[PDB]
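Coordinates from start-v9.cif are shown below (mmCIF, C-alpha atoms).
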data_target
#
loop_
_atom_site.label_atom_id
_atom_site.label_comp_id
_atom_site.auth_asym_id
_atom_site.auth_seq_id
_atom_site.Cartn_x
_atom_site.Cartn_y
_atom_site.Cartn_z
CA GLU Q 1 17.72 7.69 2.29
CA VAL Q 2 15.59 4.87 0.88
CA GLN Q 3 14.14 5.91 -2.48
CA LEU Q 4 12.08 4.10 -5.12
CA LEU Q 5 11.89 5.66 -8.59
CA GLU Q 6 9.31 4.22 -11.01
CA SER Q 7 9.09 4.22 -14.80
CA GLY Q 8 7.26 2.55 -17.66
CA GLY Q 9 3.62 3.61 -17.36
CA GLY Q 10 1.61 4.81 -20.31
CA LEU Q 11 -1.33 4.29 -22.66
CA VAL Q 12 -1.78 0.91 -24.34
CA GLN Q 13 -4.50 -0.96 -26.24
CA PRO Q 14 -6.06 -4.19 -24.92
CA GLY Q 15 -3.74 -7.13 -25.44
CA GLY Q 16 -0.73 -4.82 -25.30
CA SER Q 17 2.17 -5.04 -22.90
CA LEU Q 18 4.30 -2.86 -20.65
CA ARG Q 19 7.31 -3.30 -18.37
CA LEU Q 20 7.12 -1.25 -15.19
CA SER Q 21 10.51 -0.54 -13.63
CA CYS Q 22 11.36 0.62 -10.11
CA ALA Q 23 14.95 1.46 -9.20
CA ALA Q 24 15.87 1.44 -5.52
CA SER Q 25 18.54 3.62 -3.91
CA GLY Q 26 19.82 3.30 -0.34
CA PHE Q 27 19.41 -0.48 0.05
CA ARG Q 28 19.53 -3.79 -1.90
CA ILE Q 29 16.38 -5.10 -3.60
CA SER Q 30 17.76 -8.60 -2.96
CA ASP Q 31 16.99 -8.24 0.78
CA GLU Q 32 13.47 -6.76 1.00
CA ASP Q 33 9.96 -8.03 0.25
CA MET Q 34 8.91 -5.87 -2.71
CA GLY Q 35 5.63 -5.65 -4.55
CA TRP Q 36 3.28 -3.67 -6.76
CA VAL Q 37 0.03 -2.03 -5.62
CA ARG Q 38 -2.72 -0.81 -7.94
CA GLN Q 39 -4.95 2.17 -7.24
CA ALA Q 40 -8.14 3.07 -9.10
CA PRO Q 41 -11.04 5.34 -8.09
CA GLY Q 42 -13.80 3.39 -6.40
CA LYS Q 43 -11.45 0.41 -5.99
CA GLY Q 44 -9.14 1.36 -3.11
CA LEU Q 45 -5.80 -0.45 -3.20
CA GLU Q 46 -4.90 -4.01 -4.15
CA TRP Q 47 -1.65 -5.98 -4.23
CA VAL Q 48 -0.97 -6.88 -7.86
CA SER Q 49 2.19 -8.94 -7.41
CA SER Q 50 4.98 -9.34 -4.88
CA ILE Q 51 8.41 -10.94 -4.59
CA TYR Q 52 9.35 -11.97 -1.08
CA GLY Q 53 11.73 -14.04 1.01
CA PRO Q 54 14.91 -13.67 -1.07
CA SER Q 55 14.71 -17.35 -1.76
CA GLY Q 56 12.70 -15.40 -4.34
CA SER Q 57 9.09 -16.53 -4.09
CA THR Q 58 6.36 -14.67 -5.97
CA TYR Q 59 2.72 -13.96 -5.15
CA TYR Q 60 0.22 -12.87 -7.80
CA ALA Q 61 -3.37 -11.70 -7.66
CA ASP Q 62 -5.88 -14.03 -9.29
CA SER Q 63 -6.83 -11.29 -11.77
CA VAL Q 64 -3.26 -11.02 -13.11
CA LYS Q 65 -2.01 -14.60 -12.73
CA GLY Q 66 -0.41 -15.86 -15.94
CA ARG Q 67 -0.30 -12.36 -17.45
CA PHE Q 68 1.95 -10.43 -15.04
CA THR Q 69 5.49 -11.31 -14.00
CA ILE Q 70 7.52 -9.75 -11.19
CA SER Q 71 11.31 -9.76 -11.53
CA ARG Q 72 14.47 -8.58 -9.79
CA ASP Q 73 17.79 -7.37 -11.19
CA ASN Q 74 20.30 -7.24 -8.35
CA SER Q 75 23.04 -5.86 -10.61
CA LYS Q 76 20.93 -2.80 -11.44
CA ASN Q 77 19.05 -3.00 -8.10
CA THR Q 78 15.71 -2.79 -9.89
CA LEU Q 79 12.25 -4.35 -9.55
CA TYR Q 80 10.45 -5.17 -12.79
CA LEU Q 81 6.81 -5.92 -13.63
CA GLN Q 82 6.07 -7.45 -17.02
CA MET Q 83 2.41 -6.83 -17.90
CA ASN Q 84 1.28 -8.76 -20.97
CA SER Q 85 -2.27 -9.24 -22.28
CA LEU Q 86 -3.47 -6.05 -20.62
CA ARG Q 87 -7.18 -5.47 -20.05
CA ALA Q 88 -9.31 -2.41 -19.37
CA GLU Q 89 -9.58 -3.59 -15.75
CA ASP Q 90 -5.79 -3.21 -15.39
CA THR Q 91 -6.06 0.58 -15.81
CA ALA Q 92 -4.78 2.13 -12.57
CA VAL Q 93 -1.84 3.87 -10.92
CA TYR Q 94 0.81 1.32 -9.95
CA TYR Q 95 3.18 1.81 -7.02
CA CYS Q 96 6.30 -0.18 -6.28
CA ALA Q 97 6.31 -0.61 -2.52
CA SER Q 98 7.84 -2.56 0.33
CA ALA Q 99 5.99 -4.79 2.76
CA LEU Q 100 4.09 -3.50 5.79
CA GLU Q 101 7.08 -4.62 7.90
CA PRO Q 102 10.29 -3.71 6.04
CA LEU Q 103 13.65 -5.24 6.87
CA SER Q 104 15.66 -2.04 6.37
CA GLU Q 105 13.38 0.79 7.53
CA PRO Q 106 11.02 0.71 10.54
CA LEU Q 107 8.17 2.03 8.37
CA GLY Q 108 7.20 1.11 4.83
CA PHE Q 109 8.07 3.23 1.81
CA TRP Q 110 6.32 3.84 -1.50
CA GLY Q 111 7.14 4.92 -5.02
CA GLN Q 112 5.66 7.97 -6.69
CA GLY Q 113 3.23 6.04 -8.89
CA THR Q 114 2.94 5.35 -12.62
CA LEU Q 115 -0.33 5.58 -14.53
CA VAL Q 116 -1.03 2.54 -16.73
CA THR Q 117 -4.10 2.86 -18.98
CA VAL Q 118 -5.57 0.22 -21.29
CA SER Q 119 -8.26 1.54 -23.64
CA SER Q 120 -9.73 0.19 -26.87
CA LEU Q 121 -10.51 2.01 -30.11
CA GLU Q 122 -14.22 2.00 -29.21
CA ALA Q 123 -13.61 3.37 -25.70
CA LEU Q 124 -11.44 6.19 -27.06
CA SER Q 125 -14.01 7.14 -29.71
CA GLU Y 1 -12.70 -13.25 2.77
CA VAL Y 2 -10.65 -10.79 4.81
CA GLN Y 3 -12.16 -7.30 4.58
CA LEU Y 4 -11.41 -3.89 6.10
CA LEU Y 5 -14.26 -1.39 6.51
CA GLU Y 6 -13.22 2.22 7.14
CA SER Y 7 -15.25 4.81 9.02
CA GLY Y 8 -14.91 8.06 10.94
CA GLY Y 9 -13.75 10.37 8.16
CA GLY Y 10 -15.17 13.76 7.35
CA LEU Y 11 -14.47 17.43 7.91
CA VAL Y 12 -12.43 18.76 10.83
CA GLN Y 13 -11.19 22.19 11.68
CA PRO Y 14 -7.45 22.86 12.02
CA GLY Y 15 -6.23 21.94 15.48
CA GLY Y 16 -9.19 19.61 15.98
CA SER Y 17 -9.18 15.86 16.47
CA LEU Y 18 -10.69 12.80 14.81
CA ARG Y 19 -10.70 9.01 15.18
CA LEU Y 20 -10.55 6.77 12.12
CA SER Y 21 -11.95 3.27 12.65
CA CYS Y 22 -11.29 0.13 10.62
CA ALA Y 23 -13.45 -2.92 11.29
CA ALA Y 24 -11.83 -6.21 10.28
CA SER Y 25 -13.49 -9.32 8.85
CA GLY Y 26 -12.10 -12.83 8.46
CA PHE Y 27 -9.33 -12.68 11.07
CA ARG Y 28 -8.38 -11.33 14.52
CA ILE Y 29 -6.38 -8.08 14.55
CA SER Y 30 -4.73 -9.32 17.77
CA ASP Y 31 -2.26 -11.53 15.89
CA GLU Y 32 -1.82 -9.63 12.62
CA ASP Y 33 0.29 -6.62 11.68
CA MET Y 34 -1.71 -3.57 10.64
CA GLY Y 35 -1.23 0.03 9.63
CA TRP Y 36 -2.62 3.24 8.18
CA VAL Y 37 -1.77 4.60 4.71
CA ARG Y 38 -2.82 7.98 3.36
CA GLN Y 39 -3.00 9.66 -0.05
CA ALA Y 40 -2.82 13.47 -0.10
CA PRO Y 41 -4.20 15.50 -3.04
CA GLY Y 42 -1.52 15.76 -5.69
CA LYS Y 43 0.72 13.30 -3.83
CA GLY Y 44 1.21 9.56 -3.71
CA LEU Y 45 0.30 7.12 -0.97
CA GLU Y 46 2.35 7.28 2.22
CA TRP Y 47 2.55 5.13 5.35
CA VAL Y 48 0.99 7.17 8.15
CA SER Y 49 1.46 4.59 10.89
CA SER Y 50 1.83 0.90 11.62
CA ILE Y 51 1.77 -1.62 14.45
CA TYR Y 52 3.56 -4.96 14.13
CA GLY Y 53 5.88 -7.41 15.85
CA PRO Y 54 5.11 -9.69 18.79
CA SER Y 55 5.77 -6.63 20.97
CA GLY Y 56 2.75 -4.84 19.54
CA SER Y 57 5.25 -2.15 18.62
CA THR Y 58 3.93 0.99 16.93
CA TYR Y 59 5.75 3.20 14.44
CA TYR Y 60 4.80 6.58 12.98
CA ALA Y 61 5.99 8.80 10.16
CA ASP Y 62 7.97 11.93 11.03
CA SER Y 63 4.96 14.03 9.97
CA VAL Y 64 2.55 12.53 12.53
CA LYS Y 65 4.77 11.70 15.53
CA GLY Y 66 3.26 12.94 18.77
CA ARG Y 67 -0.02 13.78 17.03
CA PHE Y 68 -1.25 10.41 15.72
CA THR Y 69 -1.87 7.25 17.75
CA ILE Y 70 -2.50 3.79 16.29
CA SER Y 71 -4.26 1.25 18.51
CA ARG Y 72 -6.21 -2.00 18.43
CA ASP Y 73 -9.40 -3.05 20.23
CA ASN Y 74 -9.92 -6.79 20.54
CA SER Y 75 -13.38 -6.23 22.05
CA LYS Y 76 -14.76 -4.96 18.73
CA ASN Y 77 -11.82 -6.20 16.60
CA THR Y 78 -11.20 -2.68 15.32
CA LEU Y 79 -8.07 -0.73 14.40
CA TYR Y 80 -8.18 2.89 15.60
CA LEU Y 81 -6.19 5.91 14.40
CA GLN Y 82 -6.48 8.87 16.78
CA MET Y 83 -5.42 12.12 15.08
CA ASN Y 84 -4.98 15.25 17.20
CA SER Y 85 -3.74 18.74 16.29
CA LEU Y 86 -4.73 18.19 12.68
CA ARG Y 87 -2.97 20.37 10.11
CA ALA Y 88 -4.18 21.37 6.66
CA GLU Y 89 -1.60 18.93 5.24
CA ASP Y 90 -3.46 16.07 6.93
CA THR Y 91 -6.21 16.36 4.30
CA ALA Y 92 -6.06 12.96 2.60
CA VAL Y 93 -7.80 9.69 1.79
CA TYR Y 94 -6.87 7.18 4.49
CA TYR Y 95 -6.76 3.40 4.06
CA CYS Y 96 -6.28 0.72 6.69
CA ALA Y 97 -3.91 -2.13 5.89
CA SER Y 98 -3.25 -5.59 7.29
CA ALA Y 99 -0.75 -8.40 6.71
CA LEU Y 100 -1.82 -12.04 7.09
CA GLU Y 101 0.82 -14.79 6.75
CA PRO Y 102 -0.86 -18.22 6.99
CA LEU Y 103 1.54 -19.92 4.55
CA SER Y 104 4.93 -18.49 5.66
CA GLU Y 105 4.61 -15.27 3.62
CA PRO Y 106 2.56 -12.15 4.38
CA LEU Y 107 -0.50 -11.19 2.35
CA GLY Y 108 -1.43 -7.52 2.14
CA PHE Y 109 -4.99 -6.28 2.52
CA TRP Y 110 -6.41 -2.77 2.17
CA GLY Y 111 -9.72 -1.02 2.73
CA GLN Y 112 -11.95 1.21 0.65
CA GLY Y 113 -10.61 4.41 2.20
CA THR Y 114 -12.19 7.42 3.90
CA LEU Y 115 -11.68 11.11 3.19
CA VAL Y 116 -10.47 13.46 5.94
CA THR Y 117 -10.58 17.17 5.10
CA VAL Y 118 -8.96 19.58 7.58
CA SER Y 119 -10.77 22.74 6.50
CA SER Y 120 -11.80 25.95 8.24
#
Show the structure stored in the file as structure tokens.
Amino acid sequence: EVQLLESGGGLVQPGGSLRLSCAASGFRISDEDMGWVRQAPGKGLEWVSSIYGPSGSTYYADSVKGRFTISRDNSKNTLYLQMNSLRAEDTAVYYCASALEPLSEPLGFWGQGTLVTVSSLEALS
Amino acid sequence: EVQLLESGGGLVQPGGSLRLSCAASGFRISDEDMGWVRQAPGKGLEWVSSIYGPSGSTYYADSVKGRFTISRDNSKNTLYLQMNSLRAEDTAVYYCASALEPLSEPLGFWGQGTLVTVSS
């Protein structure tokens, strides 16, 4: 029973920061290629970041390079996403997900999704 | 720039059929691994189907086994999703996905998405 439970989303002002968390149950995060996918209306889906090849190599989108940081905690079996210097363009629903071809399961699995919103004082008023 | 253009969505009656098409740009679907994701109203994204491996092996979710069929056409370089015996729960926004690994690690790509409404 592979399960990914997400946490950490919320409302933040530009320049703020969040730490998205995704706890896995049923398998070790130290063995799968994990990542984060953003979803926004009129934007489809895009891979934000990913950690792969338990040598531990990280991919980042050009939009989030230098600001986002993907991490693993094998003790707690949790994937982390540090999101500093947030922008209005980072507003979306983030999903922790496996690769298209998982090592454990024959088909990929997703998290439930966490809404992360970045809005300024002028946009809210 | 690798792109995935979806088409074929719309309204279908329960028990009907439909064929979602995804035209690829920047690569050949013959060598890559691809798949179909869907997002149901009030629910998160879910992997509908996939095709990967050197075997061309296909895999489906328990909800769509026997009813959905993923396939590739090298003639038009298009990924097809045949959906028969559509239920009301098949109403969703469908995206096509691909994985391209030119530098030893896969890179995920998605499409814009198309809406499929199984309504009476």
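With all atoms listed in the file as the atoms that count, the residue of Y:13, Y:75, Y:82, Y:3 with the shortest distance to chain Q is Y:3.
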Item to check | Residues matched by the PyMOL selection byres ((chain Y) within 8 of (chain Q)), written as a PyMOL selection string | outcome: chain Y and resi 33-35+43-47+49-50+52+59-61+95+98-99+105+108-113
Output file for the selection above: C-alpha atoms, as a compact mmCIF listing (two decimals), in the frame of the given file:
# COMPACT_ATOMS: atom_id res chain seq x y z
CA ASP Y 33 0.29 -6.62 11.68
CA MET Y 34 -1.71 -3.57 10.64
CA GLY Y 35 -1.23 0.03 9.63
CA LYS Y 43 0.72 13.30 -3.83
CA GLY Y 44 1.21 9.56 -3.71
CA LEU Y 45 0.30 7.12 -0.97
CA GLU Y 46 2.35 7.28 2.22
CA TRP Y 47 2.55 5.13 5.35
CA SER Y 49 1.46 4.59 10.89
CA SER Y 50 1.83 0.90 11.62
CA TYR Y 52 3.56 -4.96 14.13
CA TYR Y 59 5.75 3.20 14.44
CA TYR Y 60 4.80 6.58 12.98
CA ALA Y 61 5.99 8.80 10.16
CA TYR Y 95 -6.76 3.40 4.06
CA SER Y 98 -3.25 -5.59 7.29
CA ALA Y 99 -0.75 -8.40 6.71
CA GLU Y 105 4.61 -15.27 3.62
CA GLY Y 108 -1.43 -7.52 2.14
CA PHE Y 109 -4.99 -6.28 2.52
CA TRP Y 110 -6.41 -2.77 2.17
CA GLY Y 111 -9.72 -1.02 2.73
CA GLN Y 112 -11.95 1.21 0.65
CA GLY Y 113 -10.61 4.41 2.20
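When all atoms listed in the file are used to compute distances to residue Q:32, the closest of the residues Q:115, Q:51, Q:81, Q:70 turns out to be Q:51.
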Checklist entry - For the atom pair atom CA of residue Y:101 and atom CA of residue Q:2, what is the interatomic distance in Å to one decimal place? => result 25.3 Å
Item to check | Separation of atom CA of residue Q:105 from atom CA of residue Y:9 in Å | outcome: 28.8 Å
Checklist entry - Could you pull the residues within 6 Å of stretch 86-89 of chain Y, counting only C-alpha atoms, minus those fewer than 4 positions along the same chain, as a ChimeraX atom specification? => result /Y:14-16,118
Item to check | Residues selected by the PyMOL selection byres ((chain Q and resi 15-23) around 10), written as number ranges by chain | outcome: Q: 3-14, 24-25, 29, 36, 67-73, 76-88, 94-97, 111-114, 116, 118-120
Mind dumping the selected residues with C-alpha atoms as a compact mmCIF listing (two decimals), in the frame of the given file?
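The new file part_6.txt reads:
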# COMPACT_ATOMS: atom_id res chain seq x y z
CA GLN Q 3 14.14 5.91 -2.48
CA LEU Q 4 12.08 4.10 -5.12
CA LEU Q 5 11.89 5.66 -8.59
CA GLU Q 6 9.31 4.22 -11.01
CA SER Q 7 9.09 4.22 -14.80
CA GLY Q 8 7.26 2.55 -17.66
CA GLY Q 9 3.62 3.61 -17.36
CA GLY Q 10 1.61 4.81 -20.31
CA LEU Q 11 -1.33 4.29 -22.66
CA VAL Q 12 -1.78 0.91 -24.34
CA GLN Q 13 -4.50 -0.96 -26.24
CA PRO Q 14 -6.06 -4.19 -24.92
CA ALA Q 24 15.87 1.44 -5.52
CA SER Q 25 18.54 3.62 -3.91
CA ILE Q 29 16.38 -5.10 -3.60
CA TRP Q 36 3.28 -3.67 -6.76
CA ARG Q 67 -0.30 -12.36 -17.45
CA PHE Q 68 1.95 -10.43 -15.04
CA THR Q 69 5.49 -11.31 -14.00
CA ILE Q 70 7.52 -9.75 -11.19
CA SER Q 71 11.31 -9.76 -11.53
CA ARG Q 72 14.47 -8.58 -9.79
CA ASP Q 73 17.79 -7.37 -11.19
CA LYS Q 76 20.93 -2.80 -11.44
CA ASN Q 77 19.05 -3.00 -8.10
CA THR Q 78 15.71 -2.79 -9.89
CA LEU Q 79 12.25 -4.35 -9.55
CA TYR Q 80 10.45 -5.17 -12.79
CA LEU Q 81 6.81 -5.92 -13.63
CA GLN Q 82 6.07 -7.45 -17.02
CA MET Q 83 2.41 -6.83 -17.90
CA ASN Q 84 1.28 -8.76 -20.97
CA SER Q 85 -2.27 -9.24 -22.28
CA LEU Q 86 -3.47 -6.05 -20.62
CA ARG Q 87 -7.18 -5.47 -20.05
CA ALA Q 88 -9.31 -2.41 -19.37
CA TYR Q 94 0.81 1.32 -9.95
CA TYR Q 95 3.18 1.81 -7.02
CA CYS Q 96 6.30 -0.18 -6.28
CA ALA Q 97 6.31 -0.61 -2.52
CA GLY Q 111 7.14 4.92 -5.02
CA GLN Q 112 5.66 7.97 -6.69
CA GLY Q 113 3.23 6.04 -8.89
CA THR Q 114 2.94 5.35 -12.62
CA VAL Q 116 -1.03 2.54 -16.73
CA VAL Q 118 -5.57 0.22 -21.29
CA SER Q 119 -8.26 1.54 -23.64
CA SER Q 120 -9.73 0.19 -26.87
Checklist entry - Given the choices Y:64, Y:83, Y:2, Y:70, which gets closest to residue Y:24 if the distance is worked out from all atoms listed in the file? => result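 Closest to residue Y:24, using all atoms listed in the file: Y:2.
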Checklist entry - So which residues touch residue Y:1 within 9 Å, counting all atoms listed in the file, skipping near sequence neighbours fewer than 4 positions away, as number ranges by chain? => result Y: 25-27
Saved selection, atoms kept: C-alpha atoms, as a PDB file, in the frame of the given file:
ATOM      1  CA  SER Y  25     -13.490  -9.320   8.850  1.00  0.00           C
ATOM      2  CA  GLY Y  26     -12.100 -12.830   8.460  1.00  0.00           C
ATOM      3  CA  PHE Y  27      -9.330 -12.680  11.070  1.00  0.00           C
TER       4      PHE Y  27
END
Next on the checklist: Rounded to one decimal, what separation in Å do you get between atom CA of residue Q:74 and atom CA of residue Q:28?
Outcome noted: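 Value for the atom CA of residue Q:74-atom CA of residue Q:28 distance: 7.4 Å.
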Item to check | Hits of the PyMOL selection byres ((chain Y and resi 94) around 7) in this structure, as number ranges by chain | outcome: Y: 36-39, 92-93, 95-96, 113-115
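Comparing Q:1, Q:60, Q:30, Q:98 by their smallest distance to residue Q:75, the closest is Q:30 (using all atoms listed in the file).
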Item to check | Protein and nucleic acid residues near (-7.0, -3.4, 17.2) (cut-off 10 Å, all atoms listed in the file) as a PyMOL selection string | outcome: chain Y and resi 21-24+28-34+51+70-81
